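In the block that follows, a single chain appears as structure tokens, in the form deposited in one PDB entry.
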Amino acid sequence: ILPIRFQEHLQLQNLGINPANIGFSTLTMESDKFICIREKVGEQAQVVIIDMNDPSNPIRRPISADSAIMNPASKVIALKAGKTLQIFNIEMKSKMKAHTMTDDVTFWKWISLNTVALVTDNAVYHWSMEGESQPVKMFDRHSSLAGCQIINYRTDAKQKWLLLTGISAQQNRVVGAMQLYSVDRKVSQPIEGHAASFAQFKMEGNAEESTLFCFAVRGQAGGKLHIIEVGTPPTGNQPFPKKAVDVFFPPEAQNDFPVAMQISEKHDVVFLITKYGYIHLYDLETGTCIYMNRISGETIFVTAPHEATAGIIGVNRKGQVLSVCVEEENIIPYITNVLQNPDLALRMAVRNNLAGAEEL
């Protein structure tokens, strides 16, 4: 019995997708509802839109864009070409917005149901779809990300803590460089790190939720996972005690590093995936490592939250679409009998109303 459940959802090559177009610059997955792939067929560029609820009937349309990202919840697509941004509602067959930036947008993504984040060489912007809203500058980029490949951008629930991540080669390894920005303080901090997420967590005894920042890093000395409260606690709350724990890489994976993180607020667990397809599960409250294993031969290059199970969904270089979530009937007995940690098993059983700690 394992504490997690692995599932294959689709094989993209079986829907006529060219394997050469299955990668980070051409395939986007902004949520679990859609996958978008840019393909060139003859002289004509096209977008293929896969509805994950009806995947055998994809729409293919002509485009002239360098990047396409679908809204997390609706058939509303954003397209760009250099500095030119355009937004379309597909069901309404209409152009809803257009904007031309001063600088080329090098990376973008949806950070909520109605807001797109834009990254240029110099700065980060947020653009709301409400009313006649225009892009608003959030902060200037820090010099420590200069020349990095930008791989991610994330925020907390309230959009008060913002996090930009890039990577590059230094001393024959992949080094991550993050910029954490506080909107209320108007201050940045540079941090060495590879993958991260924010989460809301209500501690025993507190009236208000804590906002936590979790990040994983493979540094010059080994892997580490940090879980730390950002800002001063909501009035009347105890502060969350910070945790720092090891992240294991085997001796034969000397070049591997963290590429993705998703946190389940249903189970209060952190899912970590590495470039070469290793999956780790940690407890959010303590940082205790619950499980690790290799689950993809091919590299995983994009992930999202998997709504139905509160797990993680992703796509590998072969075009396998896969998910991992907590196995609710097994996790508590596993922790008790295989990890031999009755304290953690009892805590998780009562905290998240899971069955299995009636006999320890």
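Residue numbers here begin at 1 and follow the sequence given. Between two forms, the rigid core is the largest collection of C-alphas that superpose within 1.5 Å.
- Comparing 265 to 273 with 124 to 132 by root mean square Cα distance to the shown form in 8 other deposited structures of this protein, with the rigid core used for the fit, gives 124 to 132 as the more displaced stretch.
- Just going by the entry, 234 to 242 versus 147 to 155 on mean CA temperature factor gives the higher value to 234 to 242.
- Set 166 to 174 against 116 to 124 and average the Cα temperature factors; 166 to 174 ends up higher.
- Ranking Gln262, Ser74, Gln200, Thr102 by Cα temperature factor from the entry places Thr102 first.
- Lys186: CA B factor lies in the middle third for its chain, per the PDB record.
- For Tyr291, the recorded CA temperature factor ranks within the middle third of the chain's modelled residues.
- Per the PDB record, residue ranking by Cα B-factor puts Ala304 in the lowest third of the chain.
- Placement of the Cα temperature factor of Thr211 within the chain: lowest third of the modelled residues, per the deposited record.
- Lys97: CA B factor in the middle third of modelled residues in this chain (values from the PDB entry).
Not pictured, yet referred to below: the form deposited with a partner chain bound.
- Within 4.5 Å of some heavy atom of the partner chain in the bound PDB entry lies at least one heavy atom of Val259.
- The closest heavy atom approach of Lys275 to the partner chain in the bound PDB entry falls within 4.5 Å.
- With a 4.5 Å cutoff on heavy atoms, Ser144 does not count as touching the partner chain in the bound PDB entry; it lies far away.
- Remark: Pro342 does not count among the residues lining the partner chain in the bound PDB entry, judged by a heavy atom distance of 4.5 Å or less.
- When contacts are defined as a non-hydrogen atom within 4.5 Å, all of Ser25, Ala169 and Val174 contact the partner chain in the bound PDB entry.
- Of the residues given (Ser74, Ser133, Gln149, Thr115), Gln149 alone sits with a heavy atom within 4.5 Å of the partner chain in the bound PDB entry.
- Stretch 149 to 157 is the contacting one of 124 to 132, 149 to 157, 280 to 288, 263 to 271, since its residues have non-hydrogen atoms within 4.5 Å of the partner chain in the bound PDB entry.
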